[PDB]
Amino acid sequence: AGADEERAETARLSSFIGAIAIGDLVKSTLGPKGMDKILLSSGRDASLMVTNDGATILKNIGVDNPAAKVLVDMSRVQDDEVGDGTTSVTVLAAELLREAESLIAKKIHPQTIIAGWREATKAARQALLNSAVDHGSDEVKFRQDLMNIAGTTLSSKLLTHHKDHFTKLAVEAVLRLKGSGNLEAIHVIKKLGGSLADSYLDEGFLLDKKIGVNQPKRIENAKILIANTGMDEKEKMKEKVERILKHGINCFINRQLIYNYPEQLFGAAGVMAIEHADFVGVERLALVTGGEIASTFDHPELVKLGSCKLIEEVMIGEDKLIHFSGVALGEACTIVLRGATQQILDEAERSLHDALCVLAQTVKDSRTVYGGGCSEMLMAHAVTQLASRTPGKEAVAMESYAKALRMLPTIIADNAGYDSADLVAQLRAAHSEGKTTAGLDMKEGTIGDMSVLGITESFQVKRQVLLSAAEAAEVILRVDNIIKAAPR
Amino acid sequence: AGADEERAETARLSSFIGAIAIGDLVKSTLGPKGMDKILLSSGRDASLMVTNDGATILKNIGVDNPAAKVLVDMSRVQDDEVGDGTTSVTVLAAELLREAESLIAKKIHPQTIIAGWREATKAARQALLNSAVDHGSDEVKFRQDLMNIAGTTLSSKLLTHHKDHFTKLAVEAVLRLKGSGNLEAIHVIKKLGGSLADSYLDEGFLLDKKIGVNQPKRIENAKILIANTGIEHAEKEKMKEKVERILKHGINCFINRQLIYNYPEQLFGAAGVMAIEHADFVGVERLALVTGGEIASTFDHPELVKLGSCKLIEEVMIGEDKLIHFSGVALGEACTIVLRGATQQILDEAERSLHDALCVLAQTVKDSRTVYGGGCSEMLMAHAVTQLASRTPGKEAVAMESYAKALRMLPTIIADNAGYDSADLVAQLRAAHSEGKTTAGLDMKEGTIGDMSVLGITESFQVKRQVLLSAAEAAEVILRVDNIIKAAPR
Amino acid sequence: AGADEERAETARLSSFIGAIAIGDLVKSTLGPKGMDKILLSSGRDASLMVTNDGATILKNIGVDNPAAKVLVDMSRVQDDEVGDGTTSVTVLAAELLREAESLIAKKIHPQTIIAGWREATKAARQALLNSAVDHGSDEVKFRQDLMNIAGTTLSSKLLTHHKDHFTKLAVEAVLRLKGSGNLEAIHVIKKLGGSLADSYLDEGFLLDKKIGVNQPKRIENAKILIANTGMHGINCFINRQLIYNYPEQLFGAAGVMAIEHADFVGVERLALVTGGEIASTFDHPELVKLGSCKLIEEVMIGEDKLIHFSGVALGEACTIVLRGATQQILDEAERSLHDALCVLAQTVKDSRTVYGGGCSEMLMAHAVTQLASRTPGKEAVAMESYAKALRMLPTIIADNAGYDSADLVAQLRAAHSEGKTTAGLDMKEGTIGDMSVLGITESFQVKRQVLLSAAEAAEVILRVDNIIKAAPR
C-alpha cells in the first residue's frame, strides 16, 4: 500500500525492539557461568564461528534492517582502550529504552526529559566518585599480576580449569609491552595437541613456513631479507647471489609465490627462505628488526636493516613452527598458545584477544574497581537519593537511570546456581553499610569478601560505559523519529 | 501515456504535498533541543548517516518524482554567504502553500492573488532596511569577537554546558583567517576525551594517515611534496628519477591524494622520508595555502616550482591516540582546531556543532552586522505584517495577509523543541514583542520569554536578507502554473 | 464493539455534524442573492413547504437523531425581541465548531478549553465600545433617517431595484411611531397602481375587507366595536372571527359597517390606537369599550378600495399605506415595512447603533486578535478561535454578492484597520465603499443579543458531558 511509514509511538518501537533483541543473547555471556555461542551462515562464512565475545559477533555481522549496527560499532572503540572484562556495556544501554514506556505517561516532550542525561553526567561522576578502586597493582607486581580479572573474563567460557592457567599467562605478556606506545606487535596462535601447560611463551615472533625439505637447518649471524615483489633467467639468479654472498644472508622472507630457480641457490648458500609469508606477520617483524626497504632486488645491503640473534625452526612440542627471537628493539614480543583442542580451545583464541586489551589499559589507568558486582550495588544506593534532590524535570530521568544498576547483581547470582531473590536482600544491606570490598559470592551462595578472591575490574571499563551509554541512548530517546533516509 | 497531464485541483496538490513532508522533518531540528536523525538506505548506500543540519540531508538524496530538489538546492548558496543559523527558511516557504486551501473558496482566478508575491518584494525590503543590526565591531575586537551568534547555533544543541566555551574559540579562528580570501582553508576534527577546555587550538593542519609500518619515526625541517598524479629496467628509472631529485631537497615528507606505486614506498623509508597514501584532497588544498603551495605536475615538480614550509612535521600523540600534525605555518591564514573534549558522547557531537560554527563565523566577520536570534526577529515582524495587509488594495492584500500568518509557525517550532508547551508560549511571546522590545525573544532554557541580548544570541544580517527574497520566488513557480514537469525522455 | 457507543473523537463528531448540516442550507438564504427552499416531511405533513427566512422553517420540526433542535428554539426569542433582519445568527454559531480540529493540537483537557468562554466575556466587551455605534440619531434625522439597516434587510430580497426607495420611506413611519408606547401597530399593503414613487405615505390603517354588498359606504364620528366572541351611534364593528348572518341584515339598515373575520393582529394594534376595548360577551358596548371618533372610511388609495382608520385621539401609533409598480415584488414591501419598523423601535429606545455592511464586524476582528495573545495559556487558544469566526461573516456577505470573495477579504480589512469606521462592504459596488454614504447602520441592541444568543447555543455541546447510551448486547 505504501513505503516505510512510521508514526508517533510506532517509530520509537523500532529503536526499542533492537535493544531488547540483543540483550537476551548477550546476558548469558555476561559472567562466571557464561555461555558459548556458535553461528552458521552461507557464503563467506565458511562454517560456524563460535563467539563468547559480544563485541566480535555484533561488529562482524549486520543481520537485519532494524537499527543497532551503529551502536555496535561504538563498542569497538572501547575495546581498543580496555574493551571488556566481560561484555556488559551493551546490556546497560539497552535497558534505558524500557523506561521510555513511562515517558508516555507525562505525554509532553521526550527531549525535555533528556535533561536527565545532563544529570547523567552528574550520575556518571557518581560512579567515579563512589566505589573505590583497589589497593595494589603497583606495576609488574609478583602475584597481583593475575588470578583476578582475567579469570573472571575467562569464567564465562568454560574452559576454565586448564584455561585459567592460560589466563594467568596473559599478564606476563602485557608487562613487557607496558609503557608508552600502548598496543602493538601481539599476534598469538593456538596449536592442536595436548599438554598440561597448554601454552608456551616466546621471546620472539612465531610464524609457520618451510623453504623445502632441503636447506641448512640452523642459521647464525642471521640477516633478514623481506621482499614485497615476487621472485616470479640465469641473470636473475646471479643478481640475487652476488648481493647475497657478501651480506652473508641467513633468511629470506617473501609475501607471495616464490620462483623455483632462487630456491636451489638458497640451499647451497646456507640461507633459509620463506614462501608466501603472510603480510601482516611481516609488518610486525619490521618494527622488531629495525625495518627494511623492500624494493626490487636492490633491496639488500644498506637499504635494509637486519637484526642478528637467532632464527630457527623449532618443534614446540607437537607441530612444527619457525621462531624469530631476541630482537634488538625488545618492544615487540609474541605469545603462543596450546590447548585441549576443541570448541572449548578455539574459545581461548577469543578470550586472549579480549585479554590483550584488558591489561593494556591496566598500565595507563593505575586505577580499578572491585569485581563480583561490588561496584554496581554501592552506586545504586547513592543514585536513589539523587532523584529527590533535583528539580522535578530532572528527577524523573535521573531516577530511572538508578534502577538500571539493580539488574547486574541479579545476573551474577542467577548464573551461580542460587535463587536470585534471597541474594538481592543480603547484598543491598552490606553495600548500604559502607563496605566496598563486600560483594556477591557465587561460590558461597550468599555474599562475601571480594578482595580475598582477588577479583578486580578495570576502572577503565567503568568510565567509558557510563559516558558512552549516556549520550548514545540520549540521542535516540530525545529524537522523535528519523526520516527521508530510506531506500525508495 | 504522455508526461504530467495535470490541471485543476490535482495539479496544485503535487506541489502542496512536497512542502508538508519536508517541513515536519526540519521542524524537529530547530532550537536548543534539536533532533538528530540517522538515515538508513539500502539503495546503493552503505550505512546510516546522522545529520543535524537540514540543508545537508536534503542535498544528499533525491527520493522521488515531485518537484522539491531545486528549492532545496538554493539553500546551500545561502550557507556559504551567511551560513546555517538554524534551518528555518524551508518551513516558511511550505506554509505559503497551506492557505491555498482558502483559495479554492476563491473559485475564480488564483493568478490575480499572485500579485502578493510582487507585494512580497516590497515586504522583503521592509525587514532588511528596518529592524535588525547592532552597533560596534571595528575589526578583530578584544571582546566583541563572539559570545554571540556562535552561541545561538550552539544553544540549538545540548552540548552548551561546556560547549559555549568552544564557540568562543571559533572566532579566534576567524580573526586569523580574514586577510587574503573567503572561507575554505579551515579543517575541524573532534577527539574522544579528557579536557575541561574541551578543545585545543592548532598552529597548522591536522591529518590522520600512515605510509606503512617501515619508514623513519620522525622528520625535521620537513619539506612537503603534493602530487596530482600517482622496459622493466625503465621502471628502475622512475625509482631513480625520484631518488636523484629527492636527495638534494632533503625531502622529509610526501603527500599524495591517490594510490601510490609500490617501488617509491620502499625508497622513502631508507632516505628518511614519510609519504601519505590516498591523502584527502580537501586536506591537501588547505595544506597548500598553508605551505605556500606549489604547482602540481610531473616529476619536474621537486625544487622551486614547489614551496615547502619548514617548521616541523611529525606523527604525535595527544592524551592517548596517535595523529600526524603539520605545524608552523608562515601564512597564518589557515589553522586547525583539535578538540580534546570532556570525555562524553556529547563530545562526539562536537564535530557536529563545530562544523556549524565554521560557516557562521566567516560570514559574521565580513557582513559587519547582525539580528536578534531566538526567534526575536520573527515575532516582531509578524505583529507588524498584520497592519501591512490592510494598507494595500484588496487584490494584493489577500496574498499579503497569508504571508503574515506564516511567521506564526516559527514561535511554535522554537518553543516546541525546547520542551515547553507550544500553545502557551505563542500567547506570551506575542505580547512582549507587541510592546516594542526587539531584544526580547524566546528563552528555550527557561521555556518562556526573555532578553535575547543577555544571552548574546544574534543572527547574521545576511541570513535575513537572502531568505525573504528566496521564499517568494520559489513560491511563484508553483501557484502560477497548473501543468509542468520537465523536458527530454521517451 | 457491538451497538452504538461513542468516545472522544467519534462522540465529538456527532455534535460537529449537526452544526455543519444546518449551515450549508442557511448560508444560501443570506444576501440579496439569497435562495428559498422547499421541504416535504415523513409524518403528519401534507406537502412540500417553502420558507424564505431561516427561523420559520427551523422551528416547526425536530427530525434527526443528532442534537441540534435545542439550538434552533433560541432564534425565535431573538425574533420577538428584535426580529428577522436577514438570517445570519445561526451561521456564526456553527463556525465555532470548526476550530475544534486544531483544538486537539493544544493536546490537553478539552473542558478547561471552556474557560475560553469565560474569556468570551472579554470578547463581549470588545463587541462593545470599540465599534462605530451612532454618533448621530438625534430625532427624525435629515439624511440618516434610513438608507441603512432596513436597506440591508431589504437587500436579501429580490425587489431591491425600486424597493430600496421604499425601505428608505419606512423610517418616516418609525419617527411618528417612536416612543415607549406599544411597539407594533404598523401595517402596509400593495396596490396595482402606477410607477416611480412606488409608494405613498398616508392618513391611517389599511384593511382589505367588506361586510357585504348591502351596507353604508362611509361612517363619521365612528364608534369601533371589537369582540373576542363571534356573533352608541355605532359606526363600525370589527370582529376577529366568523360573523353570524342574522345581524348582517340589521347593520345595513342601521348605517353600520362591520368586518367579518378581521385579522387579530390588525385588531390588537387598532385597540391601542382607538383607546382599547374589553372584549367580552354582548355586554361589551359602552364604557367597557373605548372608541375613537375622528373618521372611518373605505377609500381608494389610487384605484382599488380598502378601509382606513384615522384621527386617533391617543396619538401613540400611526400607519404607512405605500403604493407600487405592480408585481409580487410590490407586496413584498408588505413584509419589508413591518420588518424595517421593528428594528427602528429598538434604535430609538437604545439611542445607540453601529455601521452596516459588515463594517462593525471587521473592526472588531482586528481588535480581538490582540486579546488571545494577552490572555494566559489555555484561555488564549479558545479565545482566538472565537475571533477568527468573525472573519467568515465578511466573506459570506461578499460571496452572495456575485463578487470575488478573496479580493473582498483583503480590501475590507484594509479600510477597517485604518481607523475609519464608515468604510465597509458594498455589494452593489462589488468592492469596498463608504457605508455612511449608503447610510447603513445597525442597532446597538441587535449586536448584544446576537452575541449572547450565539454563545449559549455553542455550550449545549460542552456543559453536559454525554447524552445517549452504550452496549446492551
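Don't overthink the numbers, they just go from 1 along the chain as shown.
Structure determined by electron microscopy, 10.5 Å.
For all residues, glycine too, the Cβ spot is worked out from N, Cα and C.
Among C:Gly23, C:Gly31, C:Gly136, only C:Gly31 appears in Swiss-Prot as part of the ATP site alongside C:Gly85, C:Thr86, C:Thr87, C:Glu442, C:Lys447. By the criterion of other Cβ atoms within 10 Å of the residue's own Cβ, the least surrounded of the binding-site residues C:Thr86, C:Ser88 is C:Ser88. When the neighbouring Cβ atoms lying within 10 Å are counted for each of the modified residues (C:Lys141, C:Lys168), the highest count belongs to C:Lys168. Cα to Cα, C:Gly85 (ATP binding site) and C:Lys168 (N6-acetyllysine) are separated by 15 Å. Ranking the recorded positions C:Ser47, C:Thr87 by other CB atoms within 10 A of the CB puts C:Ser47 at the bottom.
The two recorded residues, C:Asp84 (Mg(2+) binding site) and C:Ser156 (ADP binding site), have Cα atoms 12 Å apart. In three-state terms derived from DSSP, C:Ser88 (ADP binding site) belongs to neither a helical nor a strand segment and is classed as coil. The candidate set comprises the binding-site residues C:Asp84, C:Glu442. Of these, C:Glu442 has the most other Cβ atoms within 10 Å.
Closest by Cα distance to C:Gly31 (ADP binding site), from the recorded positions C:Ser47, C:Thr87, C:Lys447, is C:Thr87. Taking C:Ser47, C:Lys141, C:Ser156 as the recorded positions under consideration, the smallest Cα distance to C:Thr87 (ATP binding site) is found for C:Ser156.
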